[PDB]
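Worksheet for the structure shown next.
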Amino acid sequence: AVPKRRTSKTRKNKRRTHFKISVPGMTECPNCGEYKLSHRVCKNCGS
Amino acid sequence: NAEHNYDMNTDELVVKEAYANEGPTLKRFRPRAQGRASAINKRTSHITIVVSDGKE
Amino acid sequence: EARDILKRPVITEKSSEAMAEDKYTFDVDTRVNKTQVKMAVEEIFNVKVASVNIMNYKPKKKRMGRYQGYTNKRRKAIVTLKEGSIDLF
Amino acid sequence: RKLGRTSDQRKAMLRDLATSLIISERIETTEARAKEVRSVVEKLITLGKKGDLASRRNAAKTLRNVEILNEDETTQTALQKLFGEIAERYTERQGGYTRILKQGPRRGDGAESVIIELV
Amino acid sequence: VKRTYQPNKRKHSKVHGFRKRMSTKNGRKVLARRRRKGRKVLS
RNA sequence: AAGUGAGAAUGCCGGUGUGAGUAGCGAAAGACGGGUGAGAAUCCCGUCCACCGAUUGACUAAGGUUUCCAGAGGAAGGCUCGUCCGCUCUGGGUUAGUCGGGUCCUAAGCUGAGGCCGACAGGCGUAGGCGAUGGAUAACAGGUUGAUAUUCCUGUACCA
RNA sequence: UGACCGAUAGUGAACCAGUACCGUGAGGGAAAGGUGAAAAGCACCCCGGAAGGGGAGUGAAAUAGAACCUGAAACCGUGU
């Protein structure tokens with residue numbers, strides 16, 4: 001129930017290979033000079 | 001900073017480097033069970049960002 | 001004596017409302033009684049006082065601005081007449 | 001069907017939302033809550049179309065018996081407005097048709113904010 | 001549960017104090033030690 | 001001429017790691033509208049709903065010792081958030097002849113001039129002195145403040 | 001006066017010391033020195049609610065800006 005040995009800087013950086021965030025949809029507004037969320041609306045993004 | 005000091009373009013700009021160094025951390029304490037107490041750390045960051053134009 | 005028993009008067013928003021009911025508040029010494037102040041305000045101001053009320057004040061803590069310290073204790077006394085006028089402002 | 005709290009608690013909350021969406025036109029809440037109050041509000045508008053005594057008694061089993069309208073400057077008690085104004089304004093095949101508009105997430109947590117207006 | 005050390009003003013000035021330590025010779029030696037050390041609080 | 005050479009003593013002290021973005025985040029049921037602001041699930045007002053219900057109610061005592069009221073905040077602080085605060089900074093707030101005590105009186109005990117006993121230190125004891133948790137002593141109806149009320153004010157009585 | 005110490009040394013204490021704190025009590029008992037020659041301690045403009053930056057200015061020096069002489073390892077990052 002307790003780590004027998006300590007992890008290195010190579011085995012610790014290998015586990016953080018999938019630990020990341022994905023990019024958003026960024027549905028560019030038709031004509032308003034803003035940015036609306038995918039299938040959403042904003043006070044600046046007209047479309 | 002590159003619009004009043006250098007007065008360059010804005011549409012033709014690209015972020016060159018972008019990192020974050022560590023800073024001084026504060027030490028706190030949390031009372032556990034059976035009288036023993038643990039420790040808590042409050043680390044800080046030194047976010048830095050430089051903007052270029054695709055040329056030196 | 002009858003001069004060192006009276007320090008300074010209290011000028012706040014509560015003492016200003018007591019002027020309409022003829023009740024002046026003063027800061028006396030922390031060793032006088034409720035009879036020595038009746039013979040010190042009836043001679044310095046020459047006015048026949050009616051009754052007198054006193055109250056003790058404990059010392060406060062301090063402030064982070066300077067360093068850990070303490071405050072001096074004070075003794076308030078509300079003297080009220082019924083024919084005399086004011087002697088301060 | 002979806003959940004959230006306990007059987008009784010859920011029921012109570014649902015009734016509150018429905019009554020609050022009948023005397024305020026448009027309101028803004030969460031996604032799941034807006035996708036569950038769009039089936040208990042449309043059924044109430046269907047009972048208001050009939051305009052019979054039986055329906056009126058069945059419409060008082062959900063609508064809260066309070067919330068006296070203050071914007072009408074009178075003694076309107078929800079039901080009257082629903083069986084007089086809301087009912088006398090809809091003639092579509094979707095009875096109490098309602099639309100929902102999605103928006104950005106909240107700051108507190110990550111719940112997706114949404115708006116449900118009457119149509 | 002009921003713990004120890006029950007606060008009591010009168011009792012605190014009875015078992016200890018300056019009038020109780022200045023009543024015996026054994027308790028008068030503890031007032032000299034603290035004074036020598038430089039303690040800012042004596043009983 | 002020496003405090004002269006460090007890799008190990010479950011060695012002493014300080015700083016930073018690994019476990020890991022993992023375990024945990026410790027009493028009631030909340031929902032929406034309006035307001036404030038650079039920023040609101042969390043602050044302010046409103047309506048509905050619910051919980052305690054011989055108590056999570058109201059008041060004496062012990063104990064703690066400004067945490068109480070108002071105005072302004074940069075963080076630190078608060079197991080999230082914060083424009084909020086039992087947190088920081090200014091300036092304020094506790095009124096008694098009758099209310100609790102002190103003062104009168106004594107109980108258990110604790111100290112005692114002469115007086116016994118003891119290498120010394122110091123023990124014990126007679127009148128006396130001290131010592132309440134008990135005895136003896138005199139208030140009510142109302143009106144008012146951002147913070148005090150049998151105490152301030154108004155009427156009216158009682159004790160010395 | 002010294003083939004004595006020079007901030008983990010020398011007094012427990014070079015500074016806020018018998019002080020923070022710990023215990024019913026007798027008692028136990030820390031950590032913490034250094035900008036520059038002189039505050040000349042960043043006037044002014046730009047981004048931000050502020051904090052903090054980027055120019056400019058003071059200086060021999062600003063990678064000397066009060067986390068203020070020198071700045072070593074463990075540890076954490078970006079480019080190649």
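Lettering and numbering for the structure tokens are positional, with chains as A, B, ... in the shown order, residues counted from 1 in each chain, and ligands counted from 1 in the shown order.
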
Could you pull the residues within 12 Å of stretch 26-41 of chain B, counting only C-alpha atoms (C1' of nucleotides), minus those fewer than 5 positions along the same chain, as number ranges by chain? F: 24-26, 76-77, 79

Any chance you can output those residues with N, CA, C and O atoms (P, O5', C5', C4', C3', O3' and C1' of nucleotides) as a PDB file, in the first residue's frame?
```
ATOM      1  P     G F  24     -11.911  10.070  -0.599  1.00  0.00           P
ATOM      2  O5'   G F  24     -11.678  11.421   0.213  1.00  0.00           O
ATOM      3  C5'   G F  24     -11.874  11.466   1.638  1.00  0.00           C
ATOM      4  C4'   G F  24     -11.354  12.767   2.201  1.00  0.00           C
ATOM      5  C3'   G F  24     -12.285  13.962   2.073  1.00  0.00           C
ATOM      6  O3'   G F  24     -13.220  13.993   3.144  1.00  0.00           O
ATOM      7  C1'   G F  24     -10.096  14.580   1.412  1.00  0.00           C
ATOM      8  P     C F  25     -14.698  14.547   2.894  1.00  0.00           P
ATOM      9  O5'   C F  25     -14.461  16.102   2.647  1.00  0.00           O
ATOM     10  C5'   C F  25     -14.141  16.981   3.741  1.00  0.00           C
ATOM     11  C4'   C F  25     -13.989  18.399   3.248  1.00  0.00           C
ATOM     12  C3'   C F  25     -15.210  18.994   2.563  1.00  0.00           C
ATOM     13  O3'   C F  25     -16.091  19.558   3.526  1.00  0.00           O
ATOM     14  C1'   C F  25     -13.257  19.455   1.290  1.00  0.00           C
ATOM     15  P     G F  26     -17.438  18.792   3.925  1.00  0.00           P
ATOM     16  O5'   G F  26     -17.052  18.074   5.293  1.00  0.00           O
ATOM     17  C5'   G F  26     -17.674  16.835   5.677  1.00  0.00           C
ATOM     18  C4'   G F  26     -17.788  16.750   7.180  1.00  0.00           C
ATOM     19  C3'   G F  26     -18.522  17.898   7.851  1.00  0.00           C
ATOM     20  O3'   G F  26     -19.923  17.651   7.876  1.00  0.00           O
ATOM     21  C1'   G F  26     -16.488  17.480   8.990  1.00  0.00           C
ATOM     22  P     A F  76      -4.621  36.501  -0.890  1.00  0.00           P
ATOM     23  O5'   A F  76      -3.891  36.582   0.524  1.00  0.00           O
ATOM     24  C5'   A F  76      -2.473  36.362   0.639  1.00  0.00           C
ATOM     25  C4'   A F  76      -2.092  36.138   2.084  1.00  0.00           C
ATOM     26  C3'   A F  76      -3.051  35.269   2.894  1.00  0.00           C
ATOM     27  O3'   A F  76      -2.704  33.893   2.801  1.00  0.00           O
ATOM     28  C1'   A F  76      -2.661  37.289   4.050  1.00  0.00           C
ATOM     29  P     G F  77      -3.851  32.786   2.664  1.00  0.00           P
ATOM     30  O5'   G F  77      -4.819  33.117   3.884  1.00  0.00           O
ATOM     31  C5'   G F  77      -4.394  32.903   5.242  1.00  0.00           C
ATOM     32  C4'   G F  77      -5.496  33.279   6.203  1.00  0.00           C
ATOM     33  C3'   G F  77      -6.839  32.611   5.963  1.00  0.00           C
ATOM     34  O3'   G F  77      -6.871  31.344   6.606  1.00  0.00           O
ATOM     35  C1'   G F  77      -7.122  34.930   6.462  1.00  0.00           C
ATOM     36  P     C F  79     -12.890  27.463   7.193  1.00  0.00           P
ATOM     37  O5'   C F  79     -11.943  26.812   6.090  1.00  0.00           O
ATOM     38  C5'   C F  79     -12.498  26.142   4.943  1.00  0.00           C
ATOM     39  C4'   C F  79     -11.411  25.848   3.937  1.00  0.00           C
ATOM     40  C3'   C F  79     -11.892  25.539   2.524  1.00  0.00           C
ATOM     41  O3'   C F  79     -10.937  25.971   1.563  1.00  0.00           O
ATOM     42  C1'   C F  79     -10.809  23.640   3.413  1.00  0.00           C
TER      43        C F  79
END
```

Please check the contacts: residues of chain G at most 12 Å away from chain E, using only C-alpha atoms (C1' of nucleotides), listed as a PDB file with C-alpha atoms (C1' of nucleotides), in the first residue's frame.
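Full text of result-v9.pdb as output:
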```
ATOM      1  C1'   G G  12      20.191  30.837  25.519  1.00  0.00           C
ATOM      2  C1'   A G  17      15.105  37.122  24.457  1.00  0.00           C
ATOM      3  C1'   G G  18      14.315  34.905  28.859  1.00  0.00           C
ATOM      4  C1'   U G  19      10.518  37.384  23.898  1.00  0.00           C
ATOM      5  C1'   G G  23       2.356  23.303  30.505  1.00  0.00           C
ATOM      6  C1'   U G  24      -3.122  23.410  35.915  1.00  0.00           C
ATOM      7  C1'   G G  25       1.810  24.232  38.292  1.00  0.00           C
ATOM      8  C1'   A G  26       7.444  23.601  39.472  1.00  0.00           C
ATOM      9  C1'   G G  27       9.397  24.495  34.607  1.00  0.00           C
ATOM     10  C1'   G G  29      12.630  27.672  25.744  1.00  0.00           C
TER      11        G G  29
END
```

Please identify every residue of chain C that has at least one atom no farther than 12 Å from an atom of chain F, counting only C-alpha atoms (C1' of nucleotides), and for each give the shortest atom pair and the distance in Å to one decimal, arranged by chain then increasing number, as CSV.
```
residue,atom,partner,partner_atom,distance
C:10,CA,F:92,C1',11.3
C:11,CA,F:92,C1',11.0
C:12,CA,F:92,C1',8.0
C:13,CA,F:92,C1',8.8
C:14,CA,F:92,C1',9.2
C:15,CA,F:92,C1',11.5
C:17,CA,F:145,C1',11.1
C:18,CA,F:152,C1',10.1
C:21,CA,F:153,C1',9.5
C:23,CA,F:152,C1',10.5
C:25,CA,F:95,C1',10.9
C:51,CA,F:95,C1',10.8
C:52,CA,F:95,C1',8.7
C:53,CA,F:95,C1',5.2
C:54,CA,F:95,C1',6.3
C:55,CA,F:95,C1',6.7
C:56,CA,F:94,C1',8.3
C:57,CA,F:94,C1',8.0
C:58,CA,F:66,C1',9.3
C:59,CA,F:66,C1',9.4
C:60,CA,F:66,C1',7.1
C:61,CA,F:66,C1',8.2
C:62,CA,F:66,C1',11.3
C:63,CA,F:89,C1',9.3
C:64,CA,F:88,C1',8.5
C:65,CA,F:89,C1',9.0
C:75,CA,F:94,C1',11.8
C:76,CA,F:95,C1',9.6
C:77,CA,F:95,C1',8.5
C:78,CA,F:95,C1',7.4
C:79,CA,F:95,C1',10.3
C:80,CA,F:95,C1',11.4
```

Find the residues around residue B:47 up to 9 Å (only C-alpha atoms (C1' of nucleotides) counted), leave out those fewer than 5 positions away in its own chain, and share them as a PDB file with N, CA, C and O atoms, in the first residue's frame.
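Saved as part-v2.pdb:
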```pdb
ATOM      1  N   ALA B  18       6.588  31.406 -24.700  1.00  0.00           N
ATOM      2  CA  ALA B  18       5.526  31.501 -23.670  1.00  0.00           C
ATOM      3  C   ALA B  18       5.752  30.408 -22.619  1.00  0.00           C
ATOM      4  O   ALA B  18       5.449  29.235 -22.912  1.00  0.00           O
ATOM      5  N   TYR B  19       6.268  30.788 -21.446  1.00  0.00           N
ATOM      6  CA  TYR B  19       6.550  29.812 -20.360  1.00  0.00           C
ATOM      7  C   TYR B  19       6.020  30.350 -19.026  1.00  0.00           C
ATOM      8  O   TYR B  19       5.285  31.356 -19.030  1.00  0.00           O
ATOM      9  N   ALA B  20       6.393  29.691 -17.924  1.00  0.00           N
ATOM     10  CA  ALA B  20       5.956  30.101 -16.569  1.00  0.00           C
ATOM     11  C   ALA B  20       6.918  29.524 -15.523  1.00  0.00           C
ATOM     12  O   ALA B  20       6.896  28.297 -15.312  1.00  0.00           O
ATOM     13  N   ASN B  21       7.726  30.387 -14.899  1.00  0.00           N
ATOM     14  CA  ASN B  21       8.705  29.949 -13.867  1.00  0.00           C
ATOM     15  C   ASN B  21       8.006  29.873 -12.505  1.00  0.00           C
ATOM     16  O   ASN B  21       6.926  30.477 -12.361  1.00  0.00           O
ATOM     17  N   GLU B  22       8.609  29.158 -11.551  1.00  0.00           N
ATOM     18  CA  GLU B  22       8.031  29.011 -10.188  1.00  0.00           C
ATOM     19  C   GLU B  22       8.435  30.218  -9.335  1.00  0.00           C
ATOM     20  O   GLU B  22       9.453  30.859  -9.664  1.00  0.00           O
TER      21      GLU B  22
END
```

Residues of chain F within 12 Å of chain E, using only C-alpha atoms (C1' of nucleotides), as a list in words? residues 62, 63, 64, 110, 111, 121 and 122 of chain F

Save the residues we just selected, N, CA and C atoms (P, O5', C5', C4', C3', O3' and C1' of nucleotides), as a PDB file, in the first residue's frame?
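As a result, selection34.pdb now contains:
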```pdb
ATOM      1  P     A F  62     -20.755  34.986  37.471  1.00  0.00           P
ATOM      2  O5'   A F  62     -20.010  33.634  37.077  1.00  0.00           O
ATOM      3  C5'   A F  62     -19.605  32.698  38.091  1.00  0.00           C
ATOM      4  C4'   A F  62     -19.019  31.456  37.463  1.00  0.00           C
ATOM      5  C3'   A F  62     -17.790  31.667  36.587  1.00  0.00           C
ATOM      6  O3'   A F  62     -16.606  31.731  37.372  1.00  0.00           O
ATOM      7  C1'   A F  62     -19.308  30.200  35.508  1.00  0.00           C
ATOM      8  P     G F  63     -15.389  32.658  36.906  1.00  0.00           P
ATOM      9  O5'   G F  63     -15.130  32.184  35.408  1.00  0.00           O
ATOM     10  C5'   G F  63     -14.218  31.107  35.126  1.00  0.00           C
ATOM     11  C4'   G F  63     -14.158  30.845  33.640  1.00  0.00           C
ATOM     12  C3'   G F  63     -13.540  31.950  32.798  1.00  0.00           C
ATOM     13  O3'   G F  63     -12.122  31.847  32.762  1.00  0.00           O
ATOM     14  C1'   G F  63     -15.569  31.251  31.809  1.00  0.00           C
ATOM     15  P     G F  64     -11.238  33.152  32.497  1.00  0.00           P
ATOM     16  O5'   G F  64     -11.514  33.467  30.960  1.00  0.00           O
ATOM     17  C5'   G F  64     -11.049  32.574  29.931  1.00  0.00           C
ATOM     18  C4'   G F  64     -11.507  33.053  28.575  1.00  0.00           C
ATOM     19  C3'   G F  64     -11.044  34.445  28.176  1.00  0.00           C
ATOM     20  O3'   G F  64      -9.750  34.382  27.589  1.00  0.00           O
ATOM     21  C1'   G F  64     -13.355  34.182  27.686  1.00  0.00           C
ATOM     22  P     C F 110      -7.200  23.311  58.432  1.00  0.00           P
ATOM     23  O5'   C F 110      -6.540  24.688  57.982  1.00  0.00           O
ATOM     24  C5'   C F 110      -6.648  25.145  56.621  1.00  0.00           C
ATOM     25  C4'   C F 110      -6.361  26.625  56.540  1.00  0.00           C
ATOM     26  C3'   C F 110      -5.343  27.155  57.538  1.00  0.00           C
ATOM     27  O3'   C F 110      -4.026  27.028  57.018  1.00  0.00           O
ATOM     28  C1'   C F 110      -7.265  28.542  57.546  1.00  0.00           C
ATOM     29  P     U F 111      -2.768  27.076  58.004  1.00  0.00           P
ATOM     30  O5'   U F 111      -2.504  28.638  58.173  1.00  0.00           O
ATOM     31  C5'   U F 111      -1.996  29.169  59.410  1.00  0.00           C
ATOM     32  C4'   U F 111      -2.458  30.595  59.595  1.00  0.00           C
ATOM     33  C3'   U F 111      -2.056  31.248  60.910  1.00  0.00           C
ATOM     34  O3'   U F 111      -0.804  31.910  60.775  1.00  0.00           O
ATOM     35  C1'   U F 111      -4.387  31.482  60.599  1.00  0.00           C
ATOM     36  P     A F 121      14.851  27.710  63.719  1.00  0.00           P
ATOM     37  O5'   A F 121      14.493  27.167  62.264  1.00  0.00           O
ATOM     38  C5'   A F 121      14.933  27.870  61.089  1.00  0.00           C
ATOM     39  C4'   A F 121      14.518  27.122  59.844  1.00  0.00           C
ATOM     40  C3'   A F 121      13.015  26.976  59.630  1.00  0.00           C
ATOM     41  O3'   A F 121      12.475  28.101  58.948  1.00  0.00           O
ATOM     42  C1'   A F 121      14.058  24.872  59.356  1.00  0.00           C
ATOM     43  P     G F 122      11.307  28.965  59.622  1.00  0.00           P
ATOM     44  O5'   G F 122      10.262  27.858  60.093  1.00  0.00           O
ATOM     45  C5'   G F 122       9.653  26.959  59.142  1.00  0.00           C
ATOM     46  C4'   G F 122       9.504  25.561  59.710  1.00  0.00           C
ATOM     47  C3'   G F 122       8.149  25.235  60.319  1.00  0.00           C
ATOM     48  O3'   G F 122       7.252  24.799  59.307  1.00  0.00           O
ATOM     49  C1'   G F 122       9.874  24.503  61.772  1.00  0.00           C
TER      50        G F 122
END
```

Output the contact residues of chain D with respect to chain A at a cut-off of 10 Å, based on only C-alpha atoms, as a count of residues only. 5

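Taking only C-alpha atoms (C1' of nucleotides), the non-local environment of residue F:104 within 12 Å (same-chain residues fewer than 6 positions away omitted) comprises residues 135, 136 and 137 of chain F.
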
Selection from above, N, CA and C atoms (P, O5', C5', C4', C3', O3' and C1' of nucleotides), as a PDB file, in the first residue's frame, can you write it?
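Writing done, so here's again_32.pdb:
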```
ATOM      1  P     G F 135     -30.860  32.014  53.256  1.00  0.00           P
ATOM      2  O5'   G F 135     -30.526  32.611  54.695  1.00  0.00           O
ATOM      3  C5'   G F 135     -31.429  32.417  55.800  1.00  0.00           C
ATOM      4  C4'   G F 135     -31.004  33.255  56.982  1.00  0.00           C
ATOM      5  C3'   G F 135     -31.350  34.733  56.906  1.00  0.00           C
ATOM      6  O3'   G F 135     -32.681  34.980  57.342  1.00  0.00           O
ATOM      7  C1'   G F 135     -29.097  34.485  57.577  1.00  0.00           C
ATOM      8  P     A F 136     -33.628  35.955  56.499  1.00  0.00           P
ATOM      9  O5'   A F 136     -33.234  37.398  57.046  1.00  0.00           O
ATOM     10  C5'   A F 136     -32.888  37.593  58.430  1.00  0.00           C
ATOM     11  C4'   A F 136     -32.395  39.003  58.655  1.00  0.00           C
ATOM     12  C3'   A F 136     -32.910  40.053  57.677  1.00  0.00           C
ATOM     13  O3'   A F 136     -34.161  40.575  58.109  1.00  0.00           O
ATOM     14  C1'   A F 136     -30.564  40.281  57.941  1.00  0.00           C
ATOM     15  P     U F 137     -35.157  41.247  57.053  1.00  0.00           P
ATOM     16  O5'   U F 137     -34.478  42.659  56.762  1.00  0.00           O
ATOM     17  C5'   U F 137     -34.301  43.128  55.412  1.00  0.00           C
ATOM     18  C4'   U F 137     -33.486  44.400  55.405  1.00  0.00           C
ATOM     19  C3'   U F 137     -33.510  45.186  54.102  1.00  0.00           C
ATOM     20  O3'   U F 137     -34.555  46.153  54.120  1.00  0.00           O
ATOM     21  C1'   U F 137     -31.269  44.776  54.725  1.00  0.00           C
TER      22        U F 137
END
```

Give me the residues within 12 Å of residue D:37 as a PyMOL selection string, counting only C-alpha atoms (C1' of nucleotides) and dropping any in the same chain fewer than 2 places off. chain D and resi 1-2+10-11+13-22+27-35+39-44+98-100+115-117

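Nearest-residue note for chain F: choosing from D:58, D:91, D:65, D:76, the minimum distance belongs to D:65, counting only C-alpha atoms (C1' of nucleotides).
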
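If only C-alpha atoms (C1' of nucleotides) are the atoms counted, then among F:51, F:23, F:84, F:41 the closest residue to residue D:111 is F:41.
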
With a distance threshold of 8 Å and counting only C-alpha atoms (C1' of nucleotides), extract the residues of chain F near chain D and express them as a list in words. residues 29, 30, 31, 32, 33, 41, 47, 48, 49 and 81 of chain F

For the strand (DSSP E or B) assignment from backbone DSSP, which residues of chain A qualify? Please present them as a list in words. residues 27, 28, 35 and 36 of chain A

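For the atom pair formed by atom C1' of residue F:75 and atom CA of residue C:68, the distance is 21.4 Å, given to one decimal.
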